[PDB]
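A.B. asks: kindly generate the corresponding structure for this input.
(2 chains, ligands or ions: 2)
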Protein chains: 2
Amino acid sequence: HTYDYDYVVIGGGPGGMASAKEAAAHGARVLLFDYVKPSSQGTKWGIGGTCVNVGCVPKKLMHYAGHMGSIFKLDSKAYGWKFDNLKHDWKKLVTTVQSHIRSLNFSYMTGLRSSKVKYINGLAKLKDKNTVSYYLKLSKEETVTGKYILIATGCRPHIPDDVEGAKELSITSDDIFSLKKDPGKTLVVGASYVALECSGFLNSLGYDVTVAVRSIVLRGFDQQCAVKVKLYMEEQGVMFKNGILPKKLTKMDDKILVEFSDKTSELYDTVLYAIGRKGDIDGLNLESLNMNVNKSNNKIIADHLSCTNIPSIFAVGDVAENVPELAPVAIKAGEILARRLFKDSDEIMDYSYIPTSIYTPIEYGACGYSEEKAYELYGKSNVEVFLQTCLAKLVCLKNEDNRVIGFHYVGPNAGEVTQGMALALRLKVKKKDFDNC
Amino acid sequence: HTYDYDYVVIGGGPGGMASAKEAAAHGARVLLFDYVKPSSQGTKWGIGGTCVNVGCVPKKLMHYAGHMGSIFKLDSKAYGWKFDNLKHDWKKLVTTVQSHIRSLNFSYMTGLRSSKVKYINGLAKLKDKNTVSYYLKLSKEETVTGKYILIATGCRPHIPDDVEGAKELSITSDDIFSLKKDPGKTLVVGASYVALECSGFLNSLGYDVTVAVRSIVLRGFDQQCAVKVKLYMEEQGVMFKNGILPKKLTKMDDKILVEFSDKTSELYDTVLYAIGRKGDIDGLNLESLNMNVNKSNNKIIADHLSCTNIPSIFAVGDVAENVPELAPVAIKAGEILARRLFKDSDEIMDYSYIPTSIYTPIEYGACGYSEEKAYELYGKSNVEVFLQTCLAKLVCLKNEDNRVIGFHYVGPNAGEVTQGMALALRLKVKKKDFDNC
Ligand SMILES: Cc1cc2nc3c(=O)[nH]c(=O)nc-3n(C[C@H](O)[C@H](O)[C@H](O)COP(=O)(O)OP(=O)(O)OC[C@H]3O[C@@H](n4cnc5c(N)ncnc54)[C@H](O)[C@@H]3O)c2cc1C
Ligand SMILES: Cc1cc2nc3c(=O)[nH]c(=O)nc-3n(C[C@H](O)[C@H](O)[C@H](O)COP(=O)(O)OP(=O)(O)OC[C@H]3O[C@@H](n4cnc5c(N)ncnc54)[C@H](O)[C@@H]3O)c2cc1C
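C.D. replies: Numbering: from 1, shown residues only, chains lettered A, B, ... in the order given. Ligands and ions are numbered 1, 2, ... in the order given. Take a look:
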């Protein structure tokens, strides 16, 4: 009618993509934007967003490389295997990782045209409630109109501005997976699942890794398991600086001089910041429409309907506040919105009992409620916990037939196990059913 | 005062163990026998039964050894890991395996007395409805009386008697996990999940294996997958002799000349039989009490309640007919019987939806009815199938909301995936649930 496109998505990640290929799968004409702003270290990559280029894919691949070395050094010789001169080539791992990422970048290209979604390689910005201005990447504007707009820009790794040298001298998850030079003696700053996973496979590869955590590691997860992971990581050679953080970074002849709140200065080889990520919003001119944005984390504020502060606009994925930063949790929410918008669907997003799996030296799969968080919502009185690397932790409700609220496992292949249990939780499994299984 | 014991258990395997302890855990005077008759190659072992000494445990340890290699060969180098002079010491592996097996041997021993279950290391024989005779291990016979008697003697590998030289020249699973000398060029006769697993890890270790099958592999599971597993094993270097079996085995300078039905005669270093296992009942004197036994496999015929024709005697584990040969399936079955007997329990053993995992080169975990099993039971119009190393087979009912009845996954970690999804099936999952997951 009087709109260039019915569906104008901003961001080519799993979410934005997942929704586009869905809106076009129901007739609607969809225009999709995706442009990778270079990292703080000038690193760039192809179409696919975070998960593919600097997330799940490269992360898991790296992990595997680290797990091999771990298997060789711990078990290999005990199981009758004999080998000589065991060494690891960093550049070989990267070339393999980056090679695979590129074969996906192309695999996703030939995917858009197949779904017939007009893809433009340019960074977009909000011109008007129904209009989207953009720059094709030289900068000359080009405007477009759409019946509905989706914001799926996700987030980008956060680096502190108050810390002198941090921004310029350190790297992030954005750079590590395509890093040319050897990581060398590495300092990892943060306690996220990313921070521990990175310092996790770096240590397994045989690097001098050191993690600086302000307070706790894996905040948001069950802390009885979090502590077991940290202890294990410490036994494997990962050293933690508890309560100490970098105050300033200085260059010293191809080495980084890090000064901690400790007043202690230990010069490292590579500094990696993984203190969290904040939504990529600053370039979307949102103040011009007074959108509901969370200042703390820079995310769009979205109701479960996925509707924004403005009726015309929507938000899905890592940009939405309180929405778990997972590839799958982002794909579905995008699928549903497409049906809500173009198939007159009545289904709404389900954010409960989604399983996450941290790929640390010792894996930690989690689905449902933490123990402590289950106490806040239901109280110790009404919450019962059971144990049942063969450790498993089941958190269930006292008052309603010990129905399982949460499930946590710190063991080999936790990712695999937790995924199955996740479906059992949705079917409202109960301890009764477990012991009798 | 009537009998010497309240409970007399013949068999020290998983089933016998689990039961005796559960019986003693509720106030019953329990006597338990266990005596490992030497293999056809004179191989003997400590207390714990099959799973521990010549089953699950060792099998899994061996597989893991082979798996390492497979990682070295296939993936190691691609991930930046370099090394020299890769070799495998068979002896080192057995000493590691056997060491662990012995650590368990002692664990269980100290466990029984810890649960106060009078244990005799003698092989038993039925004297009458509630009297058991046994011989210490010259001979003397000691009788003992019991209110309830349980037989849990499991099975032992089968070697054909019609084939000349087989019994004397060839080996079985009883032998391999403690084999002094190298297996060398190995011929594995049979297609059982044991048959494939063994030839699998032997192959992964780097031996010249050869599997002679009658017709099909893994009869009883979903053939669609059984074909995948065979194909993959072939690509990995396993040679299958289809529809060709040995008709005679001859000795020759430390090698064995195997003459096949093919009219072809080739020579191997080691010939392993895994064509199936038959219940160890022959020496129980059961035919004295006209027991109901399945003639083809020498198994006791069991009640849903684990009852024989003789109400004073019960049967559990692997000796019972149509009872799946899994360590867990024998424990739960042996623990219910105990409660049933000594704690007036009204509970019955459920056999449906029990998960198995085949540790072949490519793992294949299964749970629920097979595709052919489903059809014959429910009908093709009634049943629909859905397919997801990333592919899973779902066999669900058309008529009742596509409730899953069979889950088959051939992948990296089938065991884990199958285990989890197993519980889901018991909760009566639907394809509708899976799609939503
Ligand atoms: C190291 C790491 C490991 C992870 N591992 C896992 C895992 O194992 N499993 C899991 O489920 N999740 C994992 N995640 C999280 C997962 O990657 C994200 O939650 C998922 O990618 C969400 O995608 P999204 O569409 O919401 O945002 P994104 O995937 O980040 O997509 C946003 C895209 O839009 C583009 N863009 C941004 N701004 C603009 C603009 N204004 N104009 C045009 N284009 C723009 C960006 O280039 C970006 O590529 C991991 C994350 C990280 C960092
Ligand atoms: C190679 C192999 C691999 C396997 N892997 C797995 C697996 O991975 N997972 C799984 O769940 N299951 C596995 N199984 C099956 C599992 O081992 C059995 O199903 C389980 O051990 C059942 O034990 P049971 O107590 O019923 O009998 P058994 O374990 O065989 O116990 C019977 C015991 O009684 C003793 N006995 C026999 N006669 C007498 C006598 N008259 N007097 C005194 N004692 C006697 C025998 O010496 C024997 O030790 C495997 C089996 C094999 C052969």
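A.B. asks: am I right that residue A:289 is in contact with residue A:310?
C.D. replies: Yes - with contact defined as C-beta atoms under 8 Å, residue A:289 reaches residue A:310; the gap is 5.6 Å. All C-beta spots, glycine's among them, are computed from the backbone N, C-alpha and C.
A.B. asks: residue A:252: how many residues sit nearby?
C.D. replies: Burial of residue A:252 is recorded as 8 neighbouring residues (other C-beta atoms under 10 Å in any protein chain shown).
A.B. asks: next one: phi and psi at the residue in the stretch 51-200 of chain A that ligand 2 sits nearest to?
C.D. replies: Nearest residue of the stretch 51-200 of chain A to ligand 2, counting by C-beta to the nearest ligand atom: residue A:79, 17.8 Å away. Per-residue torsions, residue A:79: phi -100, psi 20 (degrees, to the nearest 10).
A.B. asks: give me the three-state assignment for the closest residue to chain B within the stretch 201-350 of chain A.
C.D. replies: Closest approach between the stretch 201-350 of chain A and chain B, counting by C-beta to the nearest C-beta: residue A:350, at 7.6 Å. Assigned by DSSP: H, G, I helix; E, B strand; the rest coil, the conformation of residue A:350 is coil.
A.B. asks: ok, it - contacts?
C.D. replies: Listed by C-beta atoms under 8 Å, 6 or more residues apart in numbering or on different chains, the contact partners of residue A:350 are residue B:436.
A.B. asks: distance check, the residue of the stretch 51-200 of chain A closest to ligand 2 against chain B.
C.D. replies: The gap separating residue A:79 from chain B is 4 Å, by C-beta to the nearest C-beta, to the nearest Å.
A.B. asks: surely that residue is in contact with residue B:63?
C.D. replies: No - judged on C-beta under 8 Å, residue A:79 makes no contact with residue B:63 at a distance of 10.5 Å.
A.B. asks: neighbour count for these two, which is higher?
C.D. replies: residue A:79 (22 against 19).
A.B. asks: tell me the spacing between the more buried one and ligand 1.
C.D. replies: 29 Å (C-beta to the nearest ligand atom, to the nearest Å).
A.B. asks: leaving out chain neighbours, which residue sits closest to that residue?
C.D. replies: Excluding the flanking residues, the one nearest residue A:79 by C-beta to C-beta, 6 or more residues apart in numbering or on different chains is residue B:65, at 4.2 Å.
A.B. asks: go on, residue A:223?
C.D. replies: Take residue A:223 and drop its neighbours on the chain: the residue closest to it by C-beta to C-beta, 6+ apart is residue A:372, 6.6 Å away.
A.B. asks: likewise residue A:405?
C.D. replies: Closest to residue A:405 by C-beta to C-beta, 6+ apart is residue A:369, at 4.5 Å.
A.B. asks: likewise for residue A:401?
C.D. replies: Among residues not flanking residue A:401 along the chain, residue A:430 sits closest, at 5.2 Å (C-beta to C-beta, 6+ apart).
A.B. asks: thinking that neighbour is in contact with residue A:394, fair?
C.D. replies: No - the pair residue A:430 and residue A:394 fails to qualify as a contact (C-beta under 8 Å) at a distance of 10.0 Å.
A.B. asks: compare those two (neighbour count), which wins?
C.D. replies: Ranked by neighbour count (other C-beta under 10 Å), residue A:430 and residue A:394 place residue A:394 first, with 23 against 19.
A.B. asks: bridging residues for residue A:164?
C.D. replies: Beta-bridge pairing of residue A:164 under DSSP bridges involves residue A:248.
A.B. asks: from residue A:171, how far off is it?
C.D. replies: 17 Å (C-beta to C-beta, to the nearest Å).
A.B. asks: do a quick rundown of the helices in the stretch 251-400 of chain A.
C.D. replies: For the stretch 251-400 of chain A, the helices defined by DSSP state H, counting those that start in this stretch occupy A:327-342, A:371-378.
A.B. asks: residues shared between the contacts of residue A:430 and residue A:394?
C.D. replies: Contacts common to residue A:430 and residue A:394, judged by C-beta under 8 Å, 6+ apart, are residue A:404.
A.B. asks: enumerate the residues of the stretch 101-250 of chain A near ligand 1.
C.D. replies: Neighbours of ligand 1 within the stretch 101-250 of chain A, by C-beta under 6 Å from any ligand atom: A:123-124, A:152-154, A:173, A:194.
A.B. asks: now for the residue nearest to residue A:79: which residues touch it?
C.D. replies: For residue B:65, counting by C-beta under 8 Å, 6+ apart, the contacting residues are A:79-81, B:88, B:93, B:201, B:204-205.
A.B. asks: so which residue is smack in the middle of chain A?
C.D. replies: Central residue of chain A (C-alpha atoms, centre = their mean): residue A:325, 5.2 Å from the mean position.
A.B. asks: residues contacting that one?
C.D. replies: Residues in contact with residue A:325, defined by C-beta under 8 Å, 6+ apart, are A:155, A:277, A:318.
A.B. asks: nearest to ligand 1 among these?
C.D. replies: Compare each of the contacts of residue A:325 with ligand 1 using C-beta to the nearest ligand atom and the shortest gap goes to residue A:318, at 3.9 Å.
A.B. asks: quick check on the residue of the stretch 51-200 of chain A found nearest ligand 1: phi, psi?
C.D. replies: In the stretch 51-200 of chain A, the residue that lies nearest ligand 1 is residue A:154 (2.3 Å; C-beta to the nearest ligand atom). Main-chain torsions, residue A:154, degrees, to the nearest 10: phi 60, psi -150.
A.B. asks: so what's it closest to, chain neighbours aside?
C.D. replies: What sits nearest to residue A:154 in space, not counting adjacent residues and going by C-beta to C-beta, 6+ apart, is residue A:318, at 4.0 Å.
A.B. asks: which ones are touching that neighbour?
C.D. replies: Neighbouring residues of residue A:318 by C-beta under 8 Å, 6+ apart: A:13, A:15, A:50, A:154-155, A:277, A:279, A:299, A:325, A:330.
A.B. asks: what's the answer for residue A:236, then?
C.D. replies: Neighbour list for residue A:236: A:70, A:203-204, A:361 [criterion: C-beta under 8 Å, 6+ apart].
A.B. asks: taking those residues together, which two end up most distant?
C.D. replies: A:70 and A:203 (9.2 Å; C-beta to C-beta).
A.B. asks: just give the closest residue to the residue of the stretch 301-437 of chain A found nearest ligand 2, not the sequence neighbours.
C.D. replies: Closest to ligand 2 within the stretch 301-437 of chain A is residue A:437: 13.7 Å, counting by C-beta to the nearest ligand atom. In space, and not counting its chain neighbours, residue A:437 is closest to residue B:423: 5.2 Å by C-beta to C-beta, 6+ apart.
A.B. asks: what strand or helix carries the one you found?
C.D. replies: Per DSSP states H and E: residue B:423 is located in helix B:414-426.
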